[PDB]
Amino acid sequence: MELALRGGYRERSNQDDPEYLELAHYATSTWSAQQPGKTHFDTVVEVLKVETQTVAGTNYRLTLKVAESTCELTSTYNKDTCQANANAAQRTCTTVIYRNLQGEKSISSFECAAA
(Lines of atoms letter the chains of each structure in order from A and count residues from 1; the text may use other names and numbers.)
(Lines give C-alpha, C1' and ligand atoms only; values in the text may rest on other atoms or scores of the structure.)
Protein backbone atom coordinates (compact mmCIF):
# COMPACT_ATOMS: atom_id res chain seq x y z
CA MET A 1 0.00 0.00 0.00
CA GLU A 2 2.77 2.42 0.86
CA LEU A 3 6.45 3.17 1.38
CA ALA A 4 6.91 5.34 4.45
CA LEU A 5 10.09 7.35 4.92
CA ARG A 6 10.88 10.97 5.88
CA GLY A 7 13.28 12.33 3.28
CA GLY A 8 15.34 10.21 0.92
CA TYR A 9 13.60 11.34 -2.31
CA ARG A 10 15.96 11.60 -5.29
CA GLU A 11 15.35 14.13 -8.00
CA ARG A 12 14.81 12.90 -11.55
CA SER A 13 14.28 14.98 -14.71
CA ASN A 14 11.08 14.43 -16.75
CA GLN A 15 13.31 13.39 -19.66
CA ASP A 16 15.24 10.86 -17.50
CA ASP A 17 12.45 8.29 -18.40
CA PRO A 18 9.23 8.47 -20.50
CA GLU A 19 7.27 6.47 -17.93
CA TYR A 20 7.03 9.45 -15.54
CA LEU A 21 4.58 11.11 -17.90
CA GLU A 22 2.65 7.83 -18.25
CA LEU A 23 2.42 7.59 -14.43
CA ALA A 24 1.28 11.24 -14.26
CA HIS A 25 -1.57 10.50 -16.68
CA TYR A 26 -2.55 7.37 -14.76
CA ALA A 27 -2.75 9.29 -11.47
CA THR A 28 -4.51 12.38 -12.84
CA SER A 29 -7.21 10.54 -14.83
CA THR A 30 -7.80 7.99 -12.04
CA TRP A 31 -8.09 10.65 -9.32
CA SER A 32 -10.17 13.13 -11.36
CA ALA A 33 -12.75 10.41 -12.15
CA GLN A 34 -13.50 10.09 -8.38
CA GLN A 35 -14.02 13.79 -7.64
CA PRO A 36 -17.57 15.01 -6.82
CA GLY A 37 -19.16 17.22 -9.50
CA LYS A 38 -16.69 16.42 -12.29
CA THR A 39 -17.95 15.92 -15.86
CA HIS A 40 -14.59 15.52 -17.59
CA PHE A 41 -11.18 13.96 -16.98
CA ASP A 42 -8.41 16.23 -15.85
CA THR A 43 -5.23 15.77 -17.81
CA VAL A 44 -1.50 16.50 -17.45
CA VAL A 45 -0.30 19.72 -19.07
CA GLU A 46 3.31 19.25 -17.88
CA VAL A 47 5.36 17.20 -15.45
CA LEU A 48 6.97 19.89 -13.29
CA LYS A 49 9.01 17.76 -10.87
CA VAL A 50 9.85 14.03 -10.50
CA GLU A 51 11.22 12.55 -7.30
CA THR A 52 11.58 8.88 -6.45
CA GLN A 53 12.23 6.76 -3.32
CA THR A 54 12.98 3.00 -3.66
CA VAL A 55 13.24 0.32 -0.98
CA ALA A 56 11.68 -2.72 -2.65
CA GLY A 57 8.83 -0.90 -4.32
CA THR A 58 9.10 2.76 -5.44
CA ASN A 59 7.30 5.98 -4.57
CA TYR A 60 6.99 8.32 -7.52
CA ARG A 61 6.30 11.83 -6.23
CA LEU A 62 5.21 13.83 -9.25
CA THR A 63 4.44 17.53 -9.29
CA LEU A 64 2.13 18.30 -12.19
CA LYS A 65 0.43 21.15 -13.99
CA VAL A 66 -3.15 19.86 -14.41
CA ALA A 67 -6.17 21.18 -16.33
CA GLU A 68 -9.59 19.88 -17.24
CA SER A 69 -9.66 18.04 -20.58
CA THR A 70 -12.53 17.92 -23.10
CA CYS A 71 -12.86 14.15 -22.60
CA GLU A 72 -16.07 13.22 -20.78
CA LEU A 73 -15.90 10.80 -17.82
CA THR A 74 -18.25 8.47 -19.72
CA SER A 75 -15.46 8.04 -22.30
CA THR A 76 -12.22 6.06 -22.04
CA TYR A 77 -9.35 8.38 -21.10
CA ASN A 78 -6.67 8.69 -23.77
CA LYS A 79 -3.17 9.92 -22.82
CA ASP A 80 -2.77 12.08 -25.95
CA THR A 81 -6.18 12.85 -27.47
CA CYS A 82 -7.50 14.32 -24.18
CA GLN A 83 -5.45 17.49 -24.15
CA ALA A 84 -6.53 20.61 -22.29
CA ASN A 85 -7.27 23.88 -24.10
CA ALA A 86 -4.74 26.66 -23.47
CA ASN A 87 -7.56 28.77 -22.04
CA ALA A 88 -8.52 26.13 -19.42
CA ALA A 89 -7.75 26.89 -15.76
CA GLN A 90 -4.53 25.22 -14.58
CA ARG A 91 -3.55 24.01 -11.10
CA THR A 92 -0.34 22.65 -9.60
CA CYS A 93 -0.93 19.19 -8.10
CA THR A 94 1.34 16.75 -6.27
CA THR A 95 0.79 13.00 -6.33
CA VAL A 96 2.62 10.08 -4.72
CA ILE A 97 2.20 6.80 -6.58
CA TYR A 98 3.49 3.69 -4.86
CA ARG A 99 4.38 0.72 -7.05
CA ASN A 100 5.14 -2.64 -5.51
CA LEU A 101 7.21 -5.47 -7.11
CA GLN A 102 4.12 -6.87 -8.86
CA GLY A 103 3.84 -3.49 -10.66
CA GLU A 104 0.57 -2.77 -8.92
CA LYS A 105 0.06 0.93 -8.43
CA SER A 106 -1.60 2.74 -5.57
CA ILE A 107 -2.20 6.49 -5.48
CA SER A 108 -1.02 7.29 -1.93
CA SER A 109 -1.98 10.94 -2.28
CA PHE A 110 -3.17 13.46 -4.85
CA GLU A 111 -3.47 17.07 -3.71
CA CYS A 112 -3.94 20.27 -5.74
CA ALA A 113 -2.93 23.80 -4.76
CA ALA A 114 -5.64 26.45 -4.96
CA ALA A 115 -5.40 28.60 -8.09
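All residue numbers refer to positions in the sequence shown, first residue = 1.
K.L.:
On mean C-alpha B-factor from the PDB entry, just flag whether 53 to 61 or 31 to 39 is the higher one.
P.N.:
Comparing 53 to 61 with 31 to 39, the higher average CA B-factor belongs to 31 to 39.
K.L.:
Per the entry, where is the mean C-alpha temperature factor higher: 94 to 102 or 9 to 17?
P.N.:
Taking the mean C-alpha B-factor of 94 to 102 and of 9 to 17, the larger value falls to 9 to 17.
K.L.:
Of 73, 48, 89, 44, which one's C-alpha B factor is largest in the deposited record?
P.N.:
By C-alpha B-factor in the record, 73 ranks first.
K.L.:
Taking only the Cα B-factors deposited for this chain, tell me whether residue 1 sits in the lowest, middle or highest third.
P.N.:
Its C-alpha B-factor, which the entry lists for residue 1, ranks in the highest third among residues of this chain.
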